[PDB]
S.K.: 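Below you'll find the structure I mean.
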Amino acid sequence: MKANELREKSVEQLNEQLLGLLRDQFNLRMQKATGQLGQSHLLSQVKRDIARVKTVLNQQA
Amino acid sequence: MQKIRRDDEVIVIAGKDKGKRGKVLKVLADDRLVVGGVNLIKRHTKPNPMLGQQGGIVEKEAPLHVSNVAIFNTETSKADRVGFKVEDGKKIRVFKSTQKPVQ
Amino acid sequence: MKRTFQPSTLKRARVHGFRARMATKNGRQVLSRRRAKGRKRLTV
Amino acid sequence: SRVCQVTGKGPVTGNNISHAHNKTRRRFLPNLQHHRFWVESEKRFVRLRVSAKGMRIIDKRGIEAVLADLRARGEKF
Amino acid sequence: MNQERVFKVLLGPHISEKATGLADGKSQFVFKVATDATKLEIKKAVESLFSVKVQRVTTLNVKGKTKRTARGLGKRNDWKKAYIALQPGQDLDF
RNA sequence: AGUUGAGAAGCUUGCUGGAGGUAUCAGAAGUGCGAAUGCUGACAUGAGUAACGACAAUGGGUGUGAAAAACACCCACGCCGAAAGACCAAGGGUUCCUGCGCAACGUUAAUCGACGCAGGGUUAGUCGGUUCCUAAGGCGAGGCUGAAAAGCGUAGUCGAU
RNA sequence: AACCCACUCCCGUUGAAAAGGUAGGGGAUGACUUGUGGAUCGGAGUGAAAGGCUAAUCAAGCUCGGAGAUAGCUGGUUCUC
RNA sequence: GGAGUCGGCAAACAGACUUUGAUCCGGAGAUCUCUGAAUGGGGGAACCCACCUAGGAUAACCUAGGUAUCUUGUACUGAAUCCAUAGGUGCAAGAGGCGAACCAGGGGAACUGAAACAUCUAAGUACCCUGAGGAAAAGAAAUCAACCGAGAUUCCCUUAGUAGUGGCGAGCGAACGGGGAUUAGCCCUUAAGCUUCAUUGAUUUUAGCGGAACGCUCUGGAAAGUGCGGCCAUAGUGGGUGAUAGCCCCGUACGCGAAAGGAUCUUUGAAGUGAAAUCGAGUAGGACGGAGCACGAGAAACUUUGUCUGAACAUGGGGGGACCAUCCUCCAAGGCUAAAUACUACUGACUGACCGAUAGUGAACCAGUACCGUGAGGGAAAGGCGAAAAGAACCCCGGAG
Ligand SMILES: [Mg+2]
Ligand SMILES: [Mg+2]
Ligand SMILES: [Mg+2]
Ligand SMILES: [Mg+2]
Ligand SMILES: [Mg+2]
Ligand SMILES: [Mg+2]
Ligand SMILES: [Mg+2]
Ligand SMILES: [Mg+2]
Ligand SMILES: [Mg+2]
Ligand SMILES: [Mg+2]
Ligand SMILES: [Mg+2]
Ligand SMILES: [Mg+2]
Ligand SMILES: [Mg+2]
Ligand SMILES: [Mg+2]
Ligand SMILES: [Mg+2]
Ligand SMILES: [Mg+2]
Ligand SMILES: [Mg+2]
Ligand SMILES: [Mg+2]
Ligand SMILES: [Mg+2]
Ligand SMILES: [Mg+2]
Ligand SMILES: [Mg+2]
Ligand SMILES: [Mg+2]
Ligand SMILES: [Mg+2]
Ligand SMILES: [Mg+2]
Ligand SMILES: [Mg+2]
Ligand SMILES: [Mg+2]
Ligand SMILES: [Mg+2]
Ligand SMILES: [Mg+2]
Ligand SMILES: [Mg+2]
Ligand SMILES: [Mg+2]
Ligand SMILES: [Mg+2]
Ligand SMILES: [Mg+2]
Ligand SMILES: [Mg+2]
Ligand SMILES: [Mg+2]
Ligand SMILES: [Mg+2]
Ligand SMILES: [Mg+2]
Ligand SMILES: [Mg+2]
Ligand SMILES: [Mg+2]
Ligand SMILES: [Mg+2]
Ligand SMILES: [Mg+2]
Ligand SMILES: [Mg+2]
Ligand SMILES: [Mg+2]
Ligand SMILES: [Mg+2]
Ligand SMILES: [Mg+2]
Ligand SMILES: [Mg+2]
Ligand SMILES: [Mg+2]
Ligand SMILES: [Mg+2]
Ligand SMILES: [Mg+2]
Ligand SMILES: [Mg+2]
Ligand SMILES: [Mg+2]
Ligand SMILES: [Mg+2]
Ligand SMILES: [Mg+2]
Ligand SMILES: [Mg+2]
Ligand SMILES: [Mg+2]
Ligand SMILES: [Mg+2]
Ligand SMILES: [Mg+2]
Ligand SMILES: [Mg+2]
Ligand SMILES: [Mg+2]
Ligand SMILES: [Mg+2]
Ligand SMILES: [Mg+2]
Ligand SMILES: [Mg+2]
Ligand SMILES: [Mg+2]
Ligand SMILES: [Mg+2]
Ligand SMILES: [Mg+2]
Ligand SMILES: [Mg+2]
Ligand SMILES: [Mg+2]
Ligand SMILES: [Mg+2]
Ligand SMILES: [Mg+2]
Ligand SMILES: [Mg+2]
Ligand SMILES: [Mg+2]
Ligand SMILES: [Mg+2]
Ligand SMILES: [Mg+2]
Ligand SMILES: [Mg+2]
Ligand SMILES: [Mg+2]
Ligand SMILES: [Mg+2]
Ligand SMILES: [Mg+2]
Ligand SMILES: [Mg+2]
Ligand SMILES: [Mg+2]
Ligand SMILES: [Mg+2]
Ligand SMILES: [Mg+2]
Ligand SMILES: [Mg+2]
Ligand SMILES: [Mg+2]
Ligand SMILES: [Mg+2]
Ligand SMILES: [Mg+2]
Ligand SMILES: [Mg+2]
Ligand SMILES: [Mg+2]
Ligand SMILES: [Mg+2]
Ligand SMILES: [Mg+2]
Ligand SMILES: [Mg+2]
Ligand SMILES: [Mg+2]
Ligand SMILES: [Mg+2]
Ligand SMILES: [Mg+2]
Ligand SMILES: [Mg+2]
Ligand SMILES: [Mg+2]
Ligand SMILES: [Mg+2]
Ligand SMILES: [Mg+2]
Ligand SMILES: [Mg+2]
Ligand SMILES: [Mg+2]
Ligand SMILES: [Mg+2]
Ligand SMILES: [Mg+2]
Ligand SMILES: [Mg+2]
Ligand SMILES: [Mg+2]
Ligand SMILES: [Mg+2]
Ligand SMILES: [Mg+2]
Ligand SMILES: [Mg+2]
Ligand SMILES: [Mg+2]
Ligand SMILES: [Mg+2]
Ligand SMILES: [Mg+2]
Ligand SMILES: [Mg+2]
Ligand SMILES: [Mg+2]
Ligand SMILES: [Mg+2]
Ligand SMILES: [Mg+2]
Ligand SMILES: [Mg+2]
Ligand SMILES: [Mg+2]
Ligand SMILES: [Mg+2]
Ligand SMILES: [Mg+2]
Ligand SMILES: [Mg+2]
Ligand SMILES: [Mg+2]
Ligand SMILES: [Mg+2]
Ligand SMILES: [Mg+2]
Ligand SMILES: [Mg+2]
Ligand SMILES: [Mg+2]
Ligand SMILES: [Mg+2]
Ligand SMILES: [Mg+2]
Ligand SMILES: [Mg+2]
């Protein structure tokens, strides 16, 4: 999820993009603790997409 | 750029395998290369029953210094040096002897 | 036999603590002197 | 402190010398008293801590001129 | 609490023999929770995220273990534990 | 090891070692140790000698194990019992429990351990704090005092035993 | 008796202990003993007064500076002819 | 820029990233928990408890802003007391803390030397405290000279260990006059200069790019070494590559470079400041007690001031080492001013008749650490396999040691 397409969205659209990412991060942590997390690279990937949405959100001001 | 890239045809100068022709497989940090088919060793691997299993005697290539190989000029069949031709808009690598680009 | 060191965590902090040193300007000289030498603890 | 409030005199240091010419440190202090000065414009008494030399200056220049200087350098008189 | 706070308080299930025994005979589920979470926000997050009825939450702080190594003395992170009691009959699945 | 000078010393070689050395004549010195109850490290003598920390006390059987006086269980015997039994506070900080271990630690051995590795374990409206109140005392807006730093103190607000 | 103390003997003196132990001893409702918190300190404090005590240190604590104080005094001072 | 990458001790197992340009390097942004000047109130630093405004939820809150103290200016309000003052609230602007040294001030020892010791010395040193700056301070003659003249301040070399001073002991110690570094003055009938903006050009700094010329032979595990012949040079005693390399690699001489920040010098426009209003009065001079002048009361001039006094107005006043006369030379009690000078905690480059692990920093290594002490504080030991882990598969004794 590059920033260029994030800037193509509205403020209301970006908040639900943000909110749906936090749900995905929760599922990965729940799945990590139980033990059925095969792809461990997904944990850090979702963190930087959350940081990317918050950056573009702040740029909107 | 760097004069020796991955998957280049080279020839070995200096060392036990001086004169052998190979192809670059891996470029390491602190200017070392792994060239296919040269500088072979045998590592004796202890197969500990714990932590799964292992092997016996494995075969692999040991890295050698980057300045111990030379680009191979497949027109004169000799080793050569490379310079960087002035970029029209693109950097290219040329043979010093004949000024042809390397391919 | 009673020995000289009788521990007490409350009395230790009120005499040698960080806020006790910061109260007076002579205590603040101690802290800057320990920062200059590179002490890891700096206070007890 | 022991500082005159119109001239700025403060304590200064020096020596006592005996007959055998031994020296010990000493201080010289200004001769300062409390005095209420009548201010004609405001119809009130202003109380200052001044040296006897400061009262000589007030007599020469008046209290209005001196009080202006004290306000000029911001002194809580 | 805002909608971002619900996703950050629960860290995951706690797996142990004590935790397993409580899930069967008492309908009591052990979770790892954020170290600044409180009983009230733990209760709401479980209800929202798992869609169940929770009756009571008890919480305890756990000190990290200190391990001596060749290069000094290091210690592990402190964490917080929650015992979560559900309604008489219902389960907490994922 | 041999050999050469009056001496400090020089030279030539066998073995070891595996990458540096410096003829000659000049220049410059952190330039030469046996002592300083010298300083640092290593190792002797004493000597396989003293000691092994309350004179409550131990004896068999069985098991495990490479190995049992010391570990576990059983049958007996001894000791404390206004403690050598339980519980709060202070102080300590994982020493608590369970698997796997025995090099070092344990004044002996150790299969055992407050020892090593890895997991687990502490659940409060009523218990103890926090929150409310103040004592001795501390700090202290303004203030008064003082070469400066600062001292004392009012309103106030901290401080449990 | 507990508790506070420390009169005698012996042991111990490289100690179980840088001041103890066993056996005897004194006070034990008071000028008592004790927990927690607080105040006073270096020519200064405190002292029912021994120049005692102020972190195993006291006829002037410890620490860092002046500082490599000064030492007509001890000790040592390294290859050859 | 141009192909590898997910930092190190410190390896393995995994999961991935990508020439549609990754990792990496530089400029500008965003986020930036708690403590700490710590600043909403407390507190045993990294903790506890709040209030107000706006917005959002319905339960037991969320989000974003505010709330220390002092100084300066401003608005309102207002005691004894009529007036108006002290005081009380609200706004703005500033400060506060840290830092090795250098600078200007306030306070200020002793050991020691004098072969004892008081005056004296050490020394206005150590130390403590307060302010400022990139430098600071001082600076434009009420100055020296000597009847000839010089021309603000600061720093260096001499005069000279001289004249002086000194229980005339131990010791302290100038000036005049010369040679240099730097070059500069301008105002109170309102100036040079300096700040902050806005503009005119140039130069640098924060990253990078290109960068010449070697083959054969012997020994050897391995040539850069032997022998033989070449080539490059504004690049020839650099580093390291399996032993000693101008021509193998990275470099070097020499040439190019910057979307965007920083800084310096430069034009010309504004605002401010300089600034004290009008040439200087409780001032010059004097008496007593001290300090400073190399000068310790000495024939002791000159500066300064704790106490007490106290002028003249250019036909007037200061100085020329007691004091008088005559001459000479300056115009104090109001300001601003660069350069030459001091220092380096910090950053880069280069260099060394410096050290090479008991040396050099206490510290080559996870060091102000371990350890010691209640604390302030004190304070260690400890580097090297090999070119390359190729770091010893497998068998046997032994407790699966
Ligand atoms: Mg500090
Ligand atoms: Mg004296
Ligand atoms: Mg708890
Ligand atoms: Mg609790
Ligand atoms: Mg030899
Ligand atoms: Mg060498
Ligand atoms: Mg030589
Ligand atoms: Mg030496
Ligand atoms: Mg030496
Ligand atoms: Mg020597
Ligand atoms: Mg000797
Ligand atoms: Mg010796
Ligand atoms: Mg000798
Ligand atoms: Mg001896
Ligand atoms: Mg000695
Ligand atoms: Mg010796
Ligand atoms: Mg020694
Ligand atoms: Mg022996
Ligand atoms: Mg014997
Ligand atoms: Mg015997
Ligand atoms: Mg014996
Ligand atoms: Mg014994
Ligand atoms: Mg038995
Ligand atoms: Mg026994
Ligand atoms: Mg009894
Ligand atoms: Mg018992
Ligand atoms: Mg008991
Ligand atoms: Mg505790
Ligand atoms: Mg302990
Ligand atoms: Mg442990
Ligand atoms: Mg345990
Ligand atoms: Mg146990
Ligand atoms: Mg076991
Ligand atoms: Mg054994
Ligand atoms: Mg042992
Ligand atoms: Mg043993
Ligand atoms: Mg024992
Ligand atoms: Mg254990
Ligand atoms: Mg009070
Ligand atoms: Mg006070
Ligand atoms: Mg105050
Ligand atoms: Mg209170
Ligand atoms: Mg209480
Ligand atoms: Mg007694
Ligand atoms: Mg007896
Ligand atoms: Mg007794
Ligand atoms: Mg009694
Ligand atoms: Mg009574
Ligand atoms: Mg009584
Ligand atoms: Mg009595
Ligand atoms: Mg009491
Ligand atoms: Mg106390
Ligand atoms: Mg005190
Ligand atoms: Mg003293
Ligand atoms: Mg006394
Ligand atoms: Mg007495
Ligand atoms: Mg006394
Ligand atoms: Mg006596
Ligand atoms: Mg102690
Ligand atoms: Mg002590
Ligand atoms: Mg003592
Ligand atoms: Mg004395
Ligand atoms: Mg001295
Ligand atoms: Mg000495
Ligand atoms: Mg002596
Ligand atoms: Mg003699
Ligand atoms: Mg002797
Ligand atoms: Mg000696
Ligand atoms: Mg704060
Ligand atoms: Mg505060
Ligand atoms: Mg504020
Ligand atoms: Mg606060
Ligand atoms: Mg007012
Ligand atoms: Mg400041
Ligand atoms: Mg500084
Ligand atoms: Mg001064
Ligand atoms: Mg000064
Ligand atoms: Mg002075
Ligand atoms: Mg003296
Ligand atoms: Mg003397
Ligand atoms: Mg003498
Ligand atoms: Mg004497
Ligand atoms: Mg004397
Ligand atoms: Mg005398
Ligand atoms: Mg003196
Ligand atoms: Mg001074
Ligand atoms: Mg400053
Ligand atoms: Mg300035
Ligand atoms: Mg500054
Ligand atoms: Mg500045
Ligand atoms: Mg300058
Ligand atoms: Mg100046
Ligand atoms: Mg000036
Ligand atoms: Mg003339
Ligand atoms: Mg001039
Ligand atoms: Mg004399
Ligand atoms: Mg002169
Ligand atoms: Mg001159
Ligand atoms: Mg750059
Ligand atoms: Mg290049
Ligand atoms: Mg090149
Ligand atoms: Mg270049
Ligand atoms: Mg070289
Ligand atoms: Mg070698
Ligand atoms: Mg080379
Ligand atoms: Mg070659
Ligand atoms: Mg004038
Ligand atoms: Mg005068
Ligand atoms: Mg006088
Ligand atoms: Mg005099
Ligand atoms: Mg005399
Ligand atoms: Mg005169
Ligand atoms: Mg006068
Ligand atoms: Mg005069
Ligand atoms: Mg005249
Ligand atoms: Mg004369
Ligand atoms: Mg003169
Ligand atoms: Mg002037
Ligand atoms: Mg200077
Ligand atoms: Mg410099
Ligand atoms: Mg060595
Ligand atoms: Mg060292
Ligand atoms: Mg050392
Ligand atoms: Mg300690
Ligand atoms: Mg300690």
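Letters A, B, ... mirror the listed sequences (proteins, then strands); counts begin at 1.
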S.K.: So D:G74, base contact, sugar-phosphate only, or nothing? Heavy-atom distance under 4.0 Å.
M.R.: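 Touches nothing.
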S.K.: Look at the side-chain N and O atoms of D:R26 and state whether any lies under 4.0 Å from the OP1 or OP2 oxygen of H:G108.
M.R.: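 So the side-chain polar atoms of D:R26 never come under 4.0 Å of the phosphate oxygens OP1 or OP2 of H:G108.
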S.K.: With heavy atoms under 4.0 Å as the rule, sort C:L42 into base, sugar-phosphate or nothing.
M.R.: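 Since a base atom lies under 4.0 Å of C:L42, the category is base.
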S.K.: Under 4.0 angstrom, heavy atoms only, what part of the nucleic acid is B:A79 near: base, sugar-phosphate, or nothing?
M.R.: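 Nothing: the residue B:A79, judged by heavy atoms under 4.0 Å, touches no strand.
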S.K.: Are OP1 or OP2 of H:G107 and a side-chain N or O of D:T13 less than 4.0 angstrom apart?
M.R.: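 Checking H:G107 against D:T13, a side-chain N or O does come within under 4.0 Å of OP1 or OP2.
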S.K.: When you measure from the side-chain N and O atoms of D:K23 to the phosphate of H:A118, is any distance below 4.0 Å, counting only OP1 and OP2?
M.R.: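 False: D:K23 side-chain N/O out of range (4.0 Å or more) of H:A118 OP1/OP2.
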S.K.: Is the ring centre of C:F18 under 5.5 Å from the base ring centre of H:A45, and are the two planes under 30° apart, so that they stack?
M.R.: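 Yes.
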S.K.: Determine whether any donor atom in the side chain of E:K65 lies under 3.5 Å from an acceptor atom in the base of F:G120, or the reverse, and answer yes or no.
M.R.: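 Yes, a donor-acceptor pair under 3.5 Å.
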S.K.: Side-chain N or O of C:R12 less than 4.0 angstrom from OP1 or OP2 on H:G375?
M.R.: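 For H:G375, OP1 or OP2 has a side-chain N or O of C:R12 closer than 4.0 Å.
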S.K.: Do B:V58 and B:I41 land in one hydrophobic cluster if side-chain heavy atoms of ILVMFWY residues count as linked below 4.5 Å?
M.R.: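 The answer is no; the residues belong to distinct hydrophobic clusters.
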S.K.: Which sits closer to the 5' end of RNA chain G, C:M1 or C:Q6, going by the nucleotide each is nearest to?
M.R.: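 Of the two residues, C:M1 wins.
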S.K.: Answer yes or no: side-chain N or O of D:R56 and base N or O of H:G310 forming a donor-acceptor pair under 3.5 Å.
M.R.: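 Check passes, donor-acceptor contact within cut-off.
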S.K.: Under 4.0 Å, counting only non-hydrogen atoms across every strand here, what does D:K60 touch: a base, just sugar-phosphate, or nothing?
M.R.: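 Result for D:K60 = base.
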S.K.: What about C:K37, does its side chain sit under 3.5 Å from the base of H:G379 through a donor-acceptor pair?
M.R.: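 Checked by distance alone, the answer is yes.
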S.K.: Quick one: label B:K16 by what it contacts on the DNA or RNA (base, sugar-phosphate, nothing), any heavy atom closer than 4.0 Å.
M.R.: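 Base contact - B:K16 has a heavy atom under 4.0 Å of at least one base atom.
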S.K.: Using a 4.0 Å heavy-atom cut-off across all strands, classify C:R39 as base, sugar-phosphate, or nothing.
M.R.: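 C:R39: base contact, heavy atoms under 4.0 Å.
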S.K.: Does a nitrogen or oxygen in the side chain of B:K60 sit under 4.0 Å from OP1 or OP2 of H:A390?
M.R.: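 It does, given that an N or O in the side chain of B:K60 lies less than 4.0 Å from OP1 or OP2 of H:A390.
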S.K.: For RNA chain G, what string of dots and brackets results from 5' to 3' when Watson-Crick and G-U pairs need both distances under 3.5 Å, crossing pairs get [ ], and pairs with another strand get |?
M.R.: ..(((.((.((........)).)))))..............(.(((.....)))...).......................
S.K.: Is B:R93 salt-bridged to B:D8, cutoff N-O under 4.0 Å?
M.R.: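 Yes.
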S.K.: Is the phosphate of H:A3, meaning OP1 or OP2, less than 4.0 Å from a side-chain N or O of B:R5?
M.R.: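 True: B:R5 side-chain N/O within range (under 4.0 Å) of H:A3 OP1/OP2.
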S.K.: If we require both distances under 3.5 Å, is H:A95 with H:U69 a Watson-Crick or G-U wobble pair?
M.R.: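 Between H:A95 and H:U69, a qualifying pair exists.
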S.K.: So if I apply the salt bridge (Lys or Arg N to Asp or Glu O under 4.0 Å) rule between E:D36 and each of E:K8, E:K80, E:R5, which one comes out positive?
M.R.: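 Testing E:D36 for a salt bridge (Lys or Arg N to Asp or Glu O under 4.0 Å) against E:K8, E:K80, E:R5 leaves exactly one candidate, E:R5.
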S.K.: For E:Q3, which contact category applies under a 4.0 Å heavy-atom criterion: base, sugar-phosphate, or nothing?
M.R.: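 If one applies the 4.0 Å heavy-atom cut-off, E:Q3 turns out to touch nothing in the nucleic acid.
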S.K.: Can you confirm whether F:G106 and F:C112 pair in Watson-Crick or G-U wobble fashion, both distances under 3.5 Å?
M.R.: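 Yes, a Watson-Crick or G-U wobble pair.
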S.K.: Under 4.0 angstrom, heavy atoms only, what part of the nucleic acid is D:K43 near: base, sugar-phosphate, or nothing?
M.R.: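 No contact at all - D:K43 keeps every heavy atom at 4.0 Å or more from the nucleic acid.
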S.K.: Over all strands shown, is A:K54 touching base, sugar-phosphate only, or nothing at heavy-atom distances under 4.0 angstrom?
M.R.: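 Counting heavy atoms under 4.0 Å across all strands, no contact is made by A:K54.
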S.K.: Need to verify one output field. Residue with the more 5' nearest nucleotide on RNA chain F, E:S16 or C:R28?
M.R.: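 The residue mapped nearer the 5' terminus is E:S16.
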S.K.: Do the side-chain N or O atoms of B:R6 get closer than 4.0 angstrom to the phosphate oxygens (OP1, OP2) of H:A3?
M.R.: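 Answer no for this pair, as no side-chain N or O of B:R6 is under 4.0 Å from OP1 or OP2.
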S.K.: For C:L10 and C:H16, find the nucleotide of RNA chain G closest to each by heavy atoms; which residue's nucleotide sits nearer the 5' end?
M.R.: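 In this pair, the answer is C:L10.
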S.K.: Would you classify B:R93 as touching base, sugar-phosphate or nothing, given that sugar-phosphate means primed atoms plus P, OP1 and OP2, and contacts are heavy atoms under 4.0 Å?
M.R.: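 The answer is nothing, as B:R93 stays clear of every strand by at least 4.0 Å.
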S.K.: Would you say E:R68 places a side-chain N or O within less than 4.0 Å of OP1 or OP2 belonging to F:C105?
M.R.: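 Looking at the OP1 and OP2 atoms of F:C105, neither is under 4.0 Å from any side-chain N or O of E:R68.
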S.K.: Looking at every strand, decide which applies to D:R2 at a 4.0 Å heavy-atom threshold: base, sugar-phosphate, or nothing.
M.R.: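 Sugar-phosphate, no base atom in range.
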S.K.: Separation of A:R48 atom CZ from H:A22 atom P, in whole Å?
M.R.: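 Answer to the nearest Å: 17 Å.
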S.K.: Side-chain N or O of E:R71 less than 4.0 angstrom from OP1 or OP2 on H:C9?
M.R.: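 Indeed not, no polar side-chain atom of E:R71 lies that close.
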S.K.: So which of residues 43-61 of chain E are in contact with RNA chain F, with a heavy-atom cut-off of under 4.0 Å?
M.R.: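 Residues of residues 43-61 of chain E that come under 4.0 Å of RNA chain F are, in numerical order, E:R56, E:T58, E:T59, E:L60.
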S.K.: Tabulate protein N/O versus nucleotide N/O from nucleotides 249-253 of chain H, keeping only pairs under 3.5 Å, one per line.
M.R.:
| from | atom 1 | to | atom 2 | distance (Å) |
| --- | --- | --- | --- | --- |
| H:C250 | OP2 | B:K3 | NZ | 2.6 |

S.K.: Going by a 90° cut-off around 0, is H:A259 syn or anti?
M.R.: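 Base orientation: syn.
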S.K.: Just to be sure I understand the rule, does D:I17 reach a base, reach only the sugar-phosphate, or reach nothing, if contact means heavy atoms closer than 4.0 Å?
M.R.: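 Here D:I17 touches the backbone only, sparing every base.
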S.K.: Under 4.0 Å, counting only non-hydrogen atoms across every strand here, what does B:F84 touch: a base, just sugar-phosphate, or nothing?
M.R.: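 Sugar-phosphate: the residue B:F84, judged by heavy atoms under 4.0 Å, touches backbone atoms but no base.
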